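Colleague:
2 protein chains.
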Amino acid sequence: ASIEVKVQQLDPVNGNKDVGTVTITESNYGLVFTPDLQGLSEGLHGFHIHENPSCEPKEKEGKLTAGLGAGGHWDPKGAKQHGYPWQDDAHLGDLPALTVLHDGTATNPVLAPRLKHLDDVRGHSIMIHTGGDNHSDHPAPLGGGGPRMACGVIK
Amino acid sequence: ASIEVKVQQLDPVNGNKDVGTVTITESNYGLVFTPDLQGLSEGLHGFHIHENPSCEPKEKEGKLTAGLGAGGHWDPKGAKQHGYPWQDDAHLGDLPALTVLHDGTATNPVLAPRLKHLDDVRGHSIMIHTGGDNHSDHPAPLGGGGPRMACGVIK
Ligand SMILES: [Cu+2]
Ligand SMILES: [Cu+]
Ligand SMILES: [Cu+]
Ligand SMILES: [Zn+2]
Ligand SMILES: [Zn+2]
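These protein sequences, in sequence, are chains A and B. Each residue of the first sequence is one higher than the one before, starting from 32 at the first, in the authors' numbering. Each residue of the second sequence is one higher than the one before, starting from 32 at the first, in the authors' numbering.
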């Protein structure tokens, strides 16, 4: 199937920067997210669909905060819990973590088996966090992803 | 229900070395492989089920070659080509690539959606390659995984 999402590193003060794409296709097992990203920090990063079609910042306690315009994790079924990509009572936007190599690149595709159709993700955003993802709300909320590092709107 | 696989770095000269475990569980979307590994080279590593329940080496053209006793990629449906974990006409043993972090550890779980029950993978081996996996036989065979670096028998 295919949606090419342009992703930018978020910096409300100094300016957002292009870091590449995430291409979304359909497989017989769910949606596949194929990154082609550069310039990110080495490690595993939380990777989720967020509810709003926006990567804009929003104030939080008077601080203009990167990516908050995207809202929370996409949760149309009201799971109200962060979890695993293969967990039915987790947010539907919970994707497998994104791998960024030592050289700052990400090319490894990942499968979201609960997302079945491309139209399901249109009108939302894809977020890449500074932290990782332990697929739980303990010991940190939302898998420990923390701040929003990079984002793209899915059209 | 689960299977705990003991994994070792393959060294036909001075003996295999313990590097941790891979735990296989069932989800509603297929088998989940949760690593708990250490001492490995950083990066993405090809990760596949091989046909024989053996991690022993075999001589191939005068050289005692690591992990060759495991045979080829597990392919009970005779796909006869290497591909994606979500591709039906790929080897059934084709798993998502494993992520080893800078510190040599791997703990990020991956899903094999075409694998449905624990019993189906007993009596095979799980292989970790030195190279990665682009999920094609192009431009390199078997995703570019190359030599066999670590292995466990699924019992
Ligand atoms: Cu590194
Ligand atoms: Cu997120
Ligand atoms: Cu392999
Ligand atoms: Zn979530
Ligand atoms: Zn294969």
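The beta-carbon is built from N, C-alpha and C at its ideal position, and this holds for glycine as well.
#1: What residues from the segment 69-87 of chain B come within 8 Å of chain A, judged by C-beta to C-beta, listed N to C?
#2: In terms of alpha-carbon separation, which member of A:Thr161, A:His104, A:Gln69, A:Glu92 lies closest to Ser85 of chain A?
#3: For the segment 98-118 of chain A and the segment 130-139 of chain A, state whether three or more C-beta atom pairs, one from each stretch, are separated by less than 8 Å.
#4: Please report how far the alpha carbon of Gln118 of chain B lies from the alpha carbon of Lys147 of chain A, in whole angstroms.
#5: At what residues does the alpha helix (DSSP H) containing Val152 of chain B begin and finish?
#6: Which word fits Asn165 of chain A, buried or exposed, when buried means at least 16 other C-beta atoms lie within 10 angstroms of its C-beta?
#7: Find the residues of chain B that neighbour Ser58 of chain A, judging by a C-beta separation of less than 7 Å, and give them in chain order.
#8: When you compare the CB of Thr130 of chain A with every CB in chain B, is at least one pair closer than 8 Å?
#9: Round the Cβ separation of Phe78 of chain A and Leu149 of chain A to the nearest angstrom and send it over; I've been treating them as touching at under 8 Å.
#10: Evaluate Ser156 of chain A with the Cβ neighbour count: other Cβ atoms within 10 Å of its Cβ, from every protein chain shown; 16 or more gives buried, anything less gives exposed.
#11: Just the C-alpha distance for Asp134 of chain A and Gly70 of chain A, rounded to the nearest angstrom, thanks.
#12: Any residues in the segment 135-152 of chain B with a beta carbon nearer than 8 Å to a beta carbon of chain A? Which ones, in chain order?
#13: Out of B:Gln39, B:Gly175, B:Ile34, which one is the CA nearest neighbour of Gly98 of chain B?
#14: Can you give, in chain order, each stretch of the beta strand (DSSP E) that sits fully within the segment 88-141 of chain B and has at least 3 residues?
#15: Run the proximity test for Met180 of chain B: is its beta-carbon closer than 7 Å to any non-hydrogen atom belonging to ligand 3?
#16: Between the Cα of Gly100 of chain B and the Cα atoms of B:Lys37, B:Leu173, B:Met158, which residue gives the shortest distance?
#17: Can you tell me which of the three DSSP states residue 197 of chain A falls into?
#18: With 16 other CB atoms within 10 Å as the buried threshold, where does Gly154 of chain B fall?
#19: Mind reading off the beta-carbon distance from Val44 of chain A to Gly183 of chain A? Whole number of angstroms is fine, and I expect it under 8 Å.
#20: Applying the 10 Å Cβ sphere with the 16-neighbour rule, what's the burial state of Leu95 of chain A?
#21: Over the uninterrupted beta strand (DSSP E) stretch that includes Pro66 of chain B, give me the two end residues.
Modeller: Let's see:
#1: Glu73, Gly74, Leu75
#2: Sequence index remark: in the first sequence, residue 85 of chain A carries index 54 (1-based). The residue with the shortest Cα to Cα distance from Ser85 of chain A is A:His104.
#3: no
#4: Looking up residue 118 of chain B in the second sequence gives position 87. Looking up residue 147 of chain A in the first sequence gives position 116. Going from the Cα of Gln118 of chain B to the Cα of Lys147 of chain A covers about 15 Å.
#5: In the second sequence, counting from the first residue as 1, residue 152 of chain B sits at position 121. Element bounds for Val152 of chain B: 149-152.
#6: Numbered from its first residue, the first sequence carries residue 165 of chain A at position 134. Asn165 of chain A should be labelled buried.
#7: Here residue 58 of chain A refers to the residue found at position 27 of the first sequence. The contacting residues are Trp117.
#8: The residue given as residue 130 of chain A occupies position 99 in the first sequence. Yes, its Cβ sits closer than 8 Å to a Cβ of chain B.
#9: For the purposes of this step, residue 78 of chain A is taken as residue 47 along the first sequence, with counting starting at 1. For the purposes of this step, residue 149 of chain A is taken as residue 118 along the first sequence, with counting starting at 1. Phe78 of chain A to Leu149 of chain A, Cβ: 17 Å. No contact.
#10: Taking the first residue of the first sequence as 1, we reach residue 156 of chain A at position 125. Under this definition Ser156 of chain A is a buried residue.
#11: Taking the first residue of the first sequence as 1, we reach residue 134 of chain A at position 103. Taking the first residue of the first sequence as 1, we reach residue 70 of chain A at position 39. Distance between the alpha carbons of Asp134 of chain A and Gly70 of chain A: 8 Å.
#12: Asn139, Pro140, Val141, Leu142, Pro144, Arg145
#13: Taking the first residue of the second sequence as position 1, residue 98 of chain B is located at position 67. Comparing Cα positions, the closest option is B:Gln39.
#14: 89-91, 94-96, 129-131
#15: Looking up residue 180 of chain B in the second sequence gives position 149. No, Cβ of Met180 of chain B sits at least 7 Å from all heavy atoms of ligand 3.
#16: Here residue 100 of chain B refers to the residue found at position 69 when the second sequence is read from its first residue. The shortest C-alpha separation from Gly100 of chain B is found at B:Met158.
#17: One cannot answer for residue 197 of chain A here, as it falls past the ends of chain A, which runs 32 to 186.
#18: Looking up residue 154 of chain B in the second sequence gives position 123. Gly154 of chain B should be labelled exposed.
#19: Locating residue 44 of chain A in the first sequence gives position 13, counting from the first residue. Locating residue 183 of chain A in the first sequence gives position 152, counting from the first residue. The Cβ separation is near 20 Å, so there is no contact.
#20: On the first sequence, residue 95 of chain A is found 64 positions in, with the first residue counted as 1. Exposed, since its Cβ has fewer than 16 Cβ neighbours within 10 Å.
#21: The residue you call residue 66 of chain B lines up with position 35 of the second sequence. That run of the beta strand (DSSP E) goes 61-68.
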